[PDB]
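Here is what each chain is made of, one letter per residue.
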Amino acid sequence: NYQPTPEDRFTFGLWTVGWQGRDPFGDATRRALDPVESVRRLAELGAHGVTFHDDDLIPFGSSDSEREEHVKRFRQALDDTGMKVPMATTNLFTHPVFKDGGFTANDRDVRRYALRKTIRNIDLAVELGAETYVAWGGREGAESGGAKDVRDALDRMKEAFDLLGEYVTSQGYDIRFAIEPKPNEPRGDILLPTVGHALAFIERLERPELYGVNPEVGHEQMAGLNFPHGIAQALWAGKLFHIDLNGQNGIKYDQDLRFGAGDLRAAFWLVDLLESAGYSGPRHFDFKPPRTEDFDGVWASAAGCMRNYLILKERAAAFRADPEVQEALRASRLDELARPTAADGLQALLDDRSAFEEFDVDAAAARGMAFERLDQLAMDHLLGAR
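Residues numbered from 1 in each chain as written, not as in the entry; some residues may be left out. Heavy atoms only, no water.

- X-ray crystallography is the method the PDB entry states for this structure, with the resolution given as 0.90 Å.

- Going by the annotation in the PDB entry, the name recorded for the protein is Xylose isomerase, with Streptomyces rubiginosus given as the source organism.
- According to the UniProt record, the Subcellular location comment for the protein is "Cytoplasm".
- In its Sequence similarities section, the UniProt record describing the protein reads: "Belongs to the xylose isomerase family." (UniProt positions renumbered as here; feature names shortened; annotations may be inferred.)

Okay, here's the thing in structure tokens:
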């Protein structure tokens, strides 16, 4: 019955199930959760672990003694449940000081503060066992053109990430960074707006091996992009360090619906890809139970995230293992796609008359791809209509 267990590596942010329900037009609908209670409840649902922003775990502005107590209690909850903390991140967005950014704020003093705030939490993340440190630059960007010279901002972004890499390395930490792209919201346009832009930027960092992406289903869908395709490019680049799973009702504000909601077939093809490719990182839900819900609905929504992943995993595996699908994949030449175009090399290609003067273009054009039959097999498998 699609029951999650820790081995499935499902994780949740404190801020997900803990979202009190404030939106741009509405006050909170639920009380705040104690992180200890969330750890407990998520463990009971079959989660593997939790994640946190600094300011989710330790109230902003806490004293050193308050901070120690928050962490002690959290550690006890982890120990009491067997939950892990595979990822952490910094809140560089909520507080008014970050209104023009953290790492790319126009004010230099804010940029320096953002780095110090991040570094302090990297140390805590390492103490709690995190393997990945996410950065979501939600305030990096602009509403107007003159406000932000993007080349200069990218210089500042690179400087910041390079400093963080220097810091990790200086401490002998094994933690790696993952940039979580988003195209807009809360800024009118956000820098590094997609998987692609983040992947490209990483290639210009001093130590690129320390950085990957943390793509989010809904964020790429806010640009109308194909999330599975972007994940495939991240995997191709060796950069899928972490992933955020949720749902999104098309090109709108970031909804953060439970995984499986929104574009269901994209969720199917995503799970197919992650499982086929042997992705071994967390299956992290960056979601928000809708503010219509009470706490029973919070936990139902969280459970549904995991359930939907597991249903989709079953159906994708059945699709790939079905003889009839394997035949259809050959009929559609997915086998040829995986073979080199020209392992014979350039000169041999240039000398091959079968590739040009004697290529029968009309006969090749007439060969149907058989993609609709393949896709209806995929649909039948998804729906359990085999």
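1. So, the overall build of the protein
Here's step 1: What the protein contains, in helices and strands, is 16 helices and ten strands.
Here's step 2: In terms of overall size, the protein behaves like a compact globule, its C-alpha atoms giving a radius of gyration of 23 Å where 386 residues would be expected to give roughly 21 Å.
Here's step 3: The dimensions of the protein, computed from C-alpha atoms along their principal axes, are 80 × 50 × 45 Å.
Here's step 4: Among the 386 residues that make up the protein, the fraction classed as buried is 47%.
Here's step 5: Of the contacts made within the protein by residues no fewer than 6 positions apart, 78% connect residues no fewer than 24 positions apart.
Here's step 6: Only carbon and sulfur atoms are counted for the fraction: they give 50% of the accessible area of the protein, which is about 19300 Å².
Here's step 7: Taken as two groups, the 46 positive and 65 negative side-chain charges of the protein have centres that lie 3 Å from each other. (Helix = DSSP H or I, 4+ residues; strand = E, 2+ residues; numbered from the N terminus. Rg over C-alpha atoms; globule rule 2.2 N^0.38 Å. Buried < 20%, exposed > 50% of the residue type's maximum accessible area, 1.4 Å probe, protein only. Contact = heavy atoms within 4.5 Å. Areas by Shrake-Rupley, 256 points an atom, 1.4 Å probe, with all protein chains shown as cover. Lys, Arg positive; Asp, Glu negative; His and termini not counted. Charge placed at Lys NZ, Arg CZ, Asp CG, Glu CD.)

2. A word on the UniProt feature "active site" in the protein
Here's step 1: Cross-referencing UniProt, the feature "active site" maps to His53 and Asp56 in the present numbering.
Here's step 2: Looking at the secondary structure, you find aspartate 56 in helix α3 (residues 54-57).
Here's step 3: Note on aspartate 56: relative accessible area 26%, which makes it partly exposed.
Here's step 4: Ignoring any residue separated from it by four or fewer positions in sequence, one finds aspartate 56 in contact with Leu14, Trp15 and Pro35.
Here's step 5: In this structure the side chain of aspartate 56 is engaged in a polar contact, spanning 2.8 Å, whose partner is the side chain of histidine 53. (Polar contact = N/O pair within 3.5 Å; in protein donor to acceptor, adjacent residues only side chain to side chain.)

3. A look at the pairing of strand β3 (residues 84-89)
Here's step 1: Most of β3 is tucked away, with five of its six residues classed as buried.
Here's step 2: Relative to β3, strand β2 (residues 49-53) runs parallel, the two being bridged by four bridges. Within β3, the residue paired with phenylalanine 52 across the bridge is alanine 88.
Here's step 3: You can see the chain leave β3, run along helix α5 (residues 108-127) and come back into strand β4 (residues 132-135), and the turn it takes is right-handed. (Pairing = 2+ DSSP bridges. Right-handed = clockwise from strand over helix to strand, strands pointing away.)

4. Considering unusual backbone geometry
Here's step 1: Geometrically, the link from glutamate 185 to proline 186 is a cis peptide bond, its omega value of 25° lying close to zero.
Here's step 2: At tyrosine 2, a residue that is not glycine, the phi angle is positive and equals roughly 60°.
Here's step 3: Mapped onto the elements, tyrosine 2 comes out in the segment before β1 (10-13).
Here's step 4: One non-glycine residue with positive phi stands out, namely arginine 333, at about 65°.
Here's step 5: Position of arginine 333 relative to the elements: it lies in the loop between α12 (323-331) and α13 (334-337).
Here's step 6: A relative accessible area of 21% places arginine 333 in the partly exposed class.

5. Here's the deal with the packing of helix α10 (residues 264-277) against helix α11 (residues 295-321)
Here's step 1: For the pair α10 and α11, the least separation of the axes is 8 Å and the interaxial angle reads 70°. Classed by the angle they form, the pair α10 and α11 counts as roughly perpendicular. As for the relative orientation of α10 and α11, their crossing is right-handed in sense. Across from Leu264, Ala267, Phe268, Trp269, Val271, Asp272, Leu274 and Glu275 in α10, the residues of α11 making contact are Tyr309, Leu312, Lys313, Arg315, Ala316, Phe319 and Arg320. (Axes fitted to C-alpha atoms, helices over the stretch in contact; angles between N-to-C directions. Parallel < 35°, antiparallel > 145°, perpendicular 65-115°, else oblique. Left-handed = near helix turned anticlockwise from the far one by under 90°.)

6. A closer look at the UniProt feature "binding site: Mg(2+) 2" in the protein
Here's step 1: Sites flagged by UniProt as "binding site: Mg(2+) 2" map to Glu216, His219, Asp254 and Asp256. For the annotated residues, spread through 41 residues, the largest C-alpha to C-alpha distance comes to 10.5 Å, consistent with a single compact locus.
Here's step 2: Residue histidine 219 is classed as buried on the basis of its relative accessible area, which comes to 2%.
Here's step 3: Setting aside its immediate chain neighbours within four residues, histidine 219 contacts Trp136, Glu180, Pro181, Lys182, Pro183 and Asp254.
Here's step 4: Among the polar contacts made by the side chain of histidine 219, one reaches the main-chain carbonyl oxygen of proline 181 at a distance of 2.8 Å.

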